[PDB]
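In: Before the rest arrives, take these chains from my complex:
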Amino acid sequence: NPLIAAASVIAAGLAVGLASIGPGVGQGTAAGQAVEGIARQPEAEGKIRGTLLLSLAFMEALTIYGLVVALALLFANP
Amino acid sequence: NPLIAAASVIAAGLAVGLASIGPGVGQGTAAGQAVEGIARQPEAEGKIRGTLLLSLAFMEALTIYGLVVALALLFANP
Amino acid sequence: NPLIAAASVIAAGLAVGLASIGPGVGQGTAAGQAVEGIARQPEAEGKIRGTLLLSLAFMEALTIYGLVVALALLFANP
Amino acid sequence: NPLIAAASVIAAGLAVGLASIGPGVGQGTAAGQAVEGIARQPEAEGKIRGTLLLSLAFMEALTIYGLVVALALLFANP
Amino acid sequence: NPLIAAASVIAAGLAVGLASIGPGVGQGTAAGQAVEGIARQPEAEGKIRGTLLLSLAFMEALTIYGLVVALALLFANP
Amino acid sequence: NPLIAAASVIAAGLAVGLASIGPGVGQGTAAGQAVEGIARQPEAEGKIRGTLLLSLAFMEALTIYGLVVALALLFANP
Amino acid sequence: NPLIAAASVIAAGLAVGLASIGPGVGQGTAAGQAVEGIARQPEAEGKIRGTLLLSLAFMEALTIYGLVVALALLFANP
Amino acid sequence: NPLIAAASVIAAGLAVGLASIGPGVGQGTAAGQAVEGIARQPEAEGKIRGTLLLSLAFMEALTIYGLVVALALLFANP
Amino acid sequence: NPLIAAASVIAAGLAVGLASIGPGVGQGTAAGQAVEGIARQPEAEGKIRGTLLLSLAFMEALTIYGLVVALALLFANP
Amino acid sequence: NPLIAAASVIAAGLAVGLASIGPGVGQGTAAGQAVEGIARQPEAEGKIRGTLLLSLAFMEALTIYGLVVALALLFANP
């Protein structure tokens, strides 16, 4: 049990570096697709960011979901 | 059992960092495809976001579905 | 059995964070492809959403199918 | 047997959250490719949806095929 | 045998939720590529659908092939 | 043997839901690429289908090849 | 041996539903790329098909290669 | 040995349905990219095929390489 | 336990070099899509970077999340 | 040894049907990209092929490298 449930929480813990994969790709496109847009009409800048950030927010949200459960299995393990 | 059903809930728990993958890619496109659109016609801004957010909502919905069952297996385990 | 059928339902349970993958990618495109469309002709807005949402509905449907069977194996397990 | 055939139906059960993958991606494109089309010629709206939905129907069909066999192995198991 | 051949049919059973993958992606493009086409020339509508459906038919065909063998291994198992 | 060669034919059986993958993607493109073509020049319709179907035929062919060997291992097993 | 070489031929048998993958994708593009071409210049039709079919032939060829060795391991097993 | 080297040749045999994958995708593009080309300038037809076939030849070549070694391990096994 | 929970934390530790994957791809696009944009209108430079960096920030954020839990399992292990 | 080194050479033998993958995709593009080029300027034909073939040569080269070592492990095994 402390042999397994220990080592387990560990293995299973870090198998929440998948929370990087999905978003990592995503948000990075949003950023990319915004930075060019701004390049075109720079007086529209901000009107861009406001969403980028808005979006960029909860790309990063569902990675922390893991980082939460990553540490909640590690240092909050039951 | 506490050897297995423990370690199990753990492993199986974090194998809900797949909830990051799908959406992570998606919403990030929506954001991207909106930020450029706004770049083009900035008086159409909002008329954009209203959907982005609408959409951006339930991209993030079906990642929490896991985060729910992630923790429901962890701290609500039966 | 409670060793296996337990740990089993668990592992098998969270292997319904695949319900995130497919849709996650999809709907997010729909959203994306709509938000730009609206950017172009904003008086056509809504005439867009009406479908986005329509669609956006049952992208999210077949992820819950799992979330259903995710919890139905977990807290309804037979 | 109840050790195996049990845990089995379970594992095998949730490995029908693949029914999300394929369609999830698909229908979501259909939606996407329709919402833009409508953006262009909004008096052609409906003439679009009629198919979207038509299609959107049996994307969702072959996901339930699993959800059927997902629950038919679970609560109808032989 | 009933230990194996049972659990077997089960595992092997649900590993016909791959019948979702291929088609899921496909038909959904057909749909998508038709809905836009109709957007362009709406008096050509139908002349489109007639094939969509035609095609849309036997995308869904080779998913049921599995659903058939899915249940044929399950409730018709030899 | 009936432990193995049984369970075997089963596992191996359903691992012919790969016959869905390849084609599923393909034909669905053919359909898609035809439906648009017809959208453009509708008096060329049929001159399209004649091939679509021609093609659409033996996309579906090499999926049944499996469905054949799917059931030939199952109910014709040697 | 009949335990193994049996079950073996079976497993190894159906692992020739990969013959679907490669071609499945391919030919379906050929079909697709022809059907559009014909859409453009319909008096060039046939001059198209003649190759499509020509090609479409031995896409389907190297899938049967397996179906051959699929059944040759099954009902011709040595 | 006849337990292993037998079952072996079998497994290893059918793991030459990978010869389908690569080519299956390829040739099918060649075909596709030729059929459209001919669509454009039909008096250049043949001047196309001559290569298609030329190419189409030894796409199919390196699939048989396997089919050769597929059967050479099966019915020529040492 | 120190056999398992040790080796475990190790394996599981480095399986947080997935934190590189997602972002690695992403941010690198943002950068890319900005650098071109700037190429076009260089007096809009900065108005670009301000976001790039903004974004580029928390692409790198959800990789350190791991690097944190990478070292927190390693040198903070419980 | 003849149990292992036999079955081994076999398994390892056919795991040189990967020589199909890489090239299979490649050359098939070269062919494809040439056939269209010729479509455009047919008096440049040959001036194309000369390279196609040149290339098409040693795409097929590094597949046989395997076929060589495929049979060199099989019928030349040490």
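Out: Cool, the structure landed. Residues are numbered from 1 along each chain as shown, chains lettered A, B, ... in the order given.

In: Ramachandran angles for residue A:17?
Out: phi -120, psi 20 (degrees, to the nearest 10).

In: do you know how far it is from residue I:25?
Out: Distance of residue A:17 to residue I:25, computed by CB to CB, to the nearest Å: 15 Å. To be clear about C-beta, it is placed using only N, CA and C from the backbone, and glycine gets the same treatment.

In: between those two, who's got more neighbours?
Out: Remark: of residue A:17 and residue I:25, residue A:17 carries more neighbours, 32 against 16, as counted by other CB atoms under 10 Å in any protein chain shown.

In: I figured that one hits residue I:14, correct?
Out: No - the criterion here is CB atoms under 8 Å, and residue A:17 misses it with residue I:14 at 9.6 Å.

In: Quick one: residues contacting residue A:31.
Out: Shown in contact with residue A:31 (CB atoms under 8 Å, 6 or more residues apart in numbering or on different chains): A:52, A:56, I:26-27, I:29-30, I:33-34, I:51-52, I:54-56, I:59.

In: so what sits against both of residue A:17 and residue I:14?
Out: Joint contacts of residue A:17 and residue I:14 (CB under 8 Å, 6+ apart) are residue I:70.

In: Check chain A for the residue nearest chain F and tell me.
Out: residue A:25 (21.6 Å; CB to the nearest CB).

In: my guess is that residue contacts residue B:27, does it?
Out: No - assessed by CB under 8 Å, residue A:25 is found out of contact with residue B:27, at 11.2 Å.

In: returning to that earlier point: what kind of secondary structure is the residue of chain A closest to chain F in?
Out: Three-state assignment for residue A:25 (DSSP: H, G, I helix; E, B strand; the rest coil): helix.

In: What separation is there between it and residue D:28?
Out: From residue A:25 to residue D:28 the distance is 17 Å (CB to CB).

In: before we move on, what about residue A:36?
Out: Residue A:36 is 24 Å from residue D:28, by CB to CB.

In: the more surrounded of these two?
Out: residue D:28 (31 against 24).

In: tell me which element the more buried one falls in.
Out: Secondary structure from DSSP states H and E places residue D:28 in helix D:21-40.

In: okay, chain K goes in next:
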Amino acid sequence: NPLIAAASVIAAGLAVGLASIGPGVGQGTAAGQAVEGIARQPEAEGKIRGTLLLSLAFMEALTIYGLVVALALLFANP
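Out: That brings us to chain K, laid onto the chains above:
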């Protein structure tokens, strides 16, 4: 333990050559997308690099994160 926790740190160690994957792809695009941009307006050069490098910095950052934990598990192992 020194059997496991040793070998472990090793295996787990080099499974931080994934830190190459993500970035490897990324930064290389940024570079690529900048080099072309500069090709277009060479008096905007530098105004490009300043970001390239900026970005190119912390693509390489989150690969070293591993190289750090790569060696920190190796020669700093606890």
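
In: immediately after the helix holding residue D:28, which helix or strand?
Out: Criterion used, DSSP H and E; the element after helix D:21-40 is helix D:49-74.

In: quick check, distance from that following helix to the centre of its chain.
Out: Offset of helix D:49-74 from its chain centre (CA atoms, centre = their mean, to the nearest Å): 4 Å.

In: and that helix, does that touch chain E?
Out: Yes - for helix D:49-74, a contact with chain E is found by CB under 8 Å from any CB of the partner chain, at D:50-52, D:54-56, D:58-59, D:61-63, D:65-66, D:68-70, D:72-73.

In: ok so, going back, could you check the angle the helix holding residue D:28 makes with helix F:21-40?
Out: Angle, helix D:21-40 to helix F:21-40, by axes from the mean of the first three to the mean of the last three CA atoms, to 10 degrees: 10 degrees.

In: now helix D:21-40 and helix B:49-74, what's the angle there?
Out: Using the same axes, to 10 degrees: helix D:21-40 against helix B:49-74 is 170 degrees.

In: For residue A:22, grab the count of nearby residues.
Out: 33.

In: That one contacts residue B:29, doesn't it?
Out: No - contact criterion CB under 8 Å: residue A:22 and residue B:29 do not qualify, at 11.7 Å.

In: so what's residue A:78 up against?
Out: By CB under 8 Å, 6+ apart, the neighbours of residue A:78 are B:74-75, B:77.

In: any idea how far residue D:4 is from it?
Out: Distance from residue A:78 to residue D:4, by CB to CB: 28 Å.

In: for residue A:67, same thing?
Out: In terms of CB to CB, residue A:67 sits 36 Å off from residue D:4.

In: residues from chain A in reach of chain C?
Out: Contacts of chain A with chain C, taken as CB under 8 Å from any CB, map to residue A:22.

In: Quick check, the residue in chain A closest to chain H?
Out: residue A:25 (24.0 Å).

In: ok, that residue to chain G distance?
Out: According to CB to the nearest CB, to the nearest Å, residue A:25 stands 23 Å off from chain G.

In: And the contacts of residue A:78, which of them are buried?
Out: Among these, those classed as buried by neighbour count (16 or more other CB atoms under 10 Å in any protein chain shown) are B:74, B:77.

In: Here is chain L, add it in:
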Amino acid sequence: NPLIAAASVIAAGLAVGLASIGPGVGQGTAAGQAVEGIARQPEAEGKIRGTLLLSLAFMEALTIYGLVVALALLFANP
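Out: If we add chain L to the chains shown above, we get the following:
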């Protein structure tokens, strides 16, 4: 040892049919991208090939690297 180190060299040997994958895709593009270029300006032919071949050279180089170590492990095994 001769049980293992034998079978090993074998397995490990043929797992250098990956030397096909990478290049296989690559060079084939070079070829493809040259053959079209030549199609456009045929008096520039050769000025093309000179590089194609140059390149085409050491795509094929790093596949033989394996073929070298493929046979060096096989018939030069230590």
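
In: Chain L added, so what about the contacts of residue A:78 now?
Out: B:74-75, B:77.

In: Now chain A against chain D: closest residue?
Out: For chain A, CB to the nearest CB, closest residue to chain D: residue A:22, 13.6 Å.

In: Skipping adjacent residues, who's closest to that residue in space?
Out: residue B:24 (2.1 Å; CB to CB, 6 or more residues apart in numbering or on different chains).

In: Tell me how far residue A:45 lies from chain I.
Out: Relative to chain I, residue A:45 is positioned 5 Å away (criterion: CB to the nearest CB).

In: circling back to that earlier point, may I see the buried residues of the helix holding residue D:28?
Out: Buried, per 16+ other CB under 10 Å, within helix D:21-40: D:21-39.

In: Only alpha carbons, please: show that helix as PDB.
Out: The C-alpha coordinates for helix D:21-40 follow below in PDB (Å, rounded to 0.1, in the frame of the first residue of the first chain):
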ATOM      1  CA  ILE D  21     -12.900  11.300 -30.700                       C
ATOM      2  CA  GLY D  22     -13.800  10.800 -34.400                       C
ATOM      3  CA  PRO D  23     -17.200  12.600 -34.500                       C
ATOM      4  CA  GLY D  24     -16.100  15.300 -32.000                       C
ATOM      5  CA  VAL D  25     -13.600  16.500 -34.600                       C
ATOM      6  CA  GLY D  26     -16.000  16.000 -37.500                       C
ATOM      7  CA  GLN D  27     -19.500  17.400 -36.900                       C
ATOM      8  CA  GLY D  28     -17.600  20.400 -35.400                       C
ATOM      9  CA  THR D  29     -16.100  21.100 -38.800                       C
ATOM     10  CA  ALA D  30     -19.400  20.700 -40.500                       C
ATOM     11  CA  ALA D  31     -20.800  23.200 -38.000                       C
ATOM     12  CA  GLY D  32     -17.800  25.500 -38.600                       C
ATOM     13  CA  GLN D  33     -17.900  25.200 -42.400                       C
ATOM     14  CA  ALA D  34     -21.700  26.000 -42.300                       C
ATOM     15  CA  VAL D  35     -21.600  28.900 -40.000                       C
ATOM     16  CA  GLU D  36     -19.100  30.700 -42.300                       C
ATOM     17  CA  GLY D  37     -21.200  29.800 -45.400                       C
ATOM     18  CA  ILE D  38     -24.200  31.400 -43.800                       C
ATOM     19  CA  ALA D  39     -22.100  34.400 -42.900                       C
ATOM     20  CA  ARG D  40     -21.600  35.000 -46.600                       C
END
